[PDB]
Amino acid sequence: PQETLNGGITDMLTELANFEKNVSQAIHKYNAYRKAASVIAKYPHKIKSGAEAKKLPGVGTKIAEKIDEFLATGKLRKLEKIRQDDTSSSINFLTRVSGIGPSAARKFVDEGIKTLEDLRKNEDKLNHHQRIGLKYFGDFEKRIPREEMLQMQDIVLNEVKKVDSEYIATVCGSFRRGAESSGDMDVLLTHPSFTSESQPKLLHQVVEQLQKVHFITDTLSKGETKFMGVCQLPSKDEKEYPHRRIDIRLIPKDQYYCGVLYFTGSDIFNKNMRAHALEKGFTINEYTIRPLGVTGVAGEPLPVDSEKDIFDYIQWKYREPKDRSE
DNA sequence: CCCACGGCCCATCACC
DNA sequence: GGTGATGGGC
DNA sequence: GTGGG
Ligand code: NA
Ligand code: NA
């Protein structure tokens, strides 16, 4: 499908999703609207009626009614109204800052802080994460071309190996499935010295080296197993690269490839694979694959030494990341 | 009618 | 000060 | 808001 097919509808539903999440604080309605937008976005025909749309899984009575109003009038009265609402549109907007969620956005707007410029004038009311989100507001909303992701991966893999050649690092996400662009960089890290049965500095060493070569520029959060921060490719006399979001997670070696599988996705592939695993008497989560007994009691985690090991357990042919869209 | 809709790390708040 | 809750993000 | 038990 292409946009102009049903883009008016899917844009409408996405906008409604955002207000549910950010203003109404109704996360399950947010996801309902998103699910409806997704299934409509994949529908190979231009929708003629709400009833037609209601045949799709995830589109119910209320969304059908909204589609009817949109098709007849070219708008939704409720959406048009909350759009002109100074308070609600401001709350919705501020959540675009990384670190500002529905609660902070509401609190800010309640005390007269509505805009980016208002945040800029009120730095002492922002925590560290929020200050960084504000600083890179525009950059964080840009997508990352695959060519830059490859340059970023080059640096990550090199520096990781430099710290300890026994580290294993994998860049996951849509990038690993071959996407032409990414929203951020997601790095999974492990080391043979770190198992589920098993130093408390393995993640720190890698973050520190990436900071020393001035690739990592800011830290949003950092613990013993999870880093979230900011990075930037070195500038060529040419214009600087945008700052990018990068996550780095340390995973025990015996749970690594379950992790790599999960964080490679897609979300639909994951759901389908876990569905088929149940079929075969296995349960798969982010960490392990375990056999299910005859009454449904999960046994010990099975040995996994590759992604293929997982596919083999559930009698499925290994599918390359490229072939994991669903 | 009524409940699920992912779960967990990290930063920070709420309270003791 | 310590412990658990909450917000945020993915 | 939707689906399903
Ligand atoms: Na439906
Ligand atoms: Na935000």
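First the proteins, then the strands, lettered A, B, ... as listed; each starts at 1.
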Side-chain donor-acceptor contacts of residues 92-103 of chain A below 3.5 Å, not counting sequence neighbours, with atom names and distances?
unit_1: A:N92; atom_1: OD1; unit_2: A:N22; atom_2: ND2; d: 3.0
unit_1: A:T95; atom_1: OG1; unit_2: A:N22; atom_2: OD1; d: 3.4
unit_1: A:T95; atom_1: OG1; unit_2: A:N22; atom_2: ND2; d: 3.2
unit_1: A:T95; atom_1: OG1; unit_2: A:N92; atom_2: O; d: 2.8
unit_1: A:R96; atom_1: NE; unit_2: A:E141; atom_2: OE2; d: 2.8
unit_1: A:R96; atom_1: NH2; unit_2: A:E141; atom_2: OE1; d: 2.9
unit_1: A:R96; atom_1: NH2; unit_2: A:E141; atom_2: OE2; d: 3.3
unit_1: A:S98; atom_1: OG; unit_2: A:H129; atom_2: NE2; d: 2.9

*Any chance you could measure A:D184, atom CG, to A:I246, atom CD1, to the nearest 0.5 Å?*
9.5 Å
*What salt bridge (charged side-chain N to carboxylate O under 4.0 Å, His left out) pairs are there with at least one residue in residues 69-80 of chain A, not counting sequence neighbours?*
A:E80-A:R83
Could you list the donor-acceptor pairs under 3.5 angstrom formed by side chains in residues 284-300 of chain A, with sequence neighbours left out?
unit_1: A:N285; atom_1: OD1; unit_2: A:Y287; atom_2: N; d: 2.8
unit_1: A:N285; atom_1: OD1; unit_2: A:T288; atom_2: N; d: 2.7
unit_1: A:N285; atom_1: OD1; unit_2: A:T288; atom_2: OG1; d: 3.4

*asked:* Please determine whether the number of non-hydrogen atoms from other residues, nucleotides or ligands lying under 6.0 Å from atom CG of A:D110 exceeds 12.
replied: yes
*Taking heavy atoms of chain A and a 4.0 Å limit, find me the 5'-most and 3'-most nucleotide of DNA chain C within that range.*
C:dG7 to C:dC10
*Could you check whether A:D247 gets within reach of a base, just the sugar-phosphate, or nothing at all, counting any heavy atom under 4.0 Å?*
sugar-phosphate
_Tell me if the centroids of the rings in A:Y43 and A:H45 come within less than 6.0 Å of each other._
yes
*Give a yes or no on this: more than 12 heavy atoms of other residues, nucleotides or ligands lie within 6.0 Å of atom NZ of A:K212.*
no
_Step-by-step side-chain contact (heavy atoms from CB on, under 4.5 Å) determination, A:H204 to A:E224_ = CA-CA 7 Å; A:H204 176 86; A:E224 283 173 29; over 6 Å; no
_For the P atoms, the ones on C:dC10 and on B:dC5, what distance do you get once it is rounded to whole angstrom?_
22 Å
*D:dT2 to B:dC8 separation - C1' atoms, rounded to the nearest Å*: 26 Å
*By a strict heavy-atom criterion of less than 4.0 Å, which residues belonging to residues 89-115 of chain A are in contact with DNA chain C?*
A:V97, A:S98, A:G99, A:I100, A:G101, A:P102, A:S103, A:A104
*asked:* With a 4.5 Å cut-off on side-chain heavy-atom distances among I, L, V, M, F, W and Y, is there a chain of contacts connecting A:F227 to A:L188?
replied: no
*Are side-chain heavy atoms of A:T14 and A:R34 found at a separation under 4.5 Å?*
no
*Do nucleotides 3-12 of chain B as a string where each nucleotide becomes B, S or -: B if the base has a protein heavy atom under 4.0 Å, S if just the sugar-phosphate does, - if no protein is that close.*
--BB-SBSSS
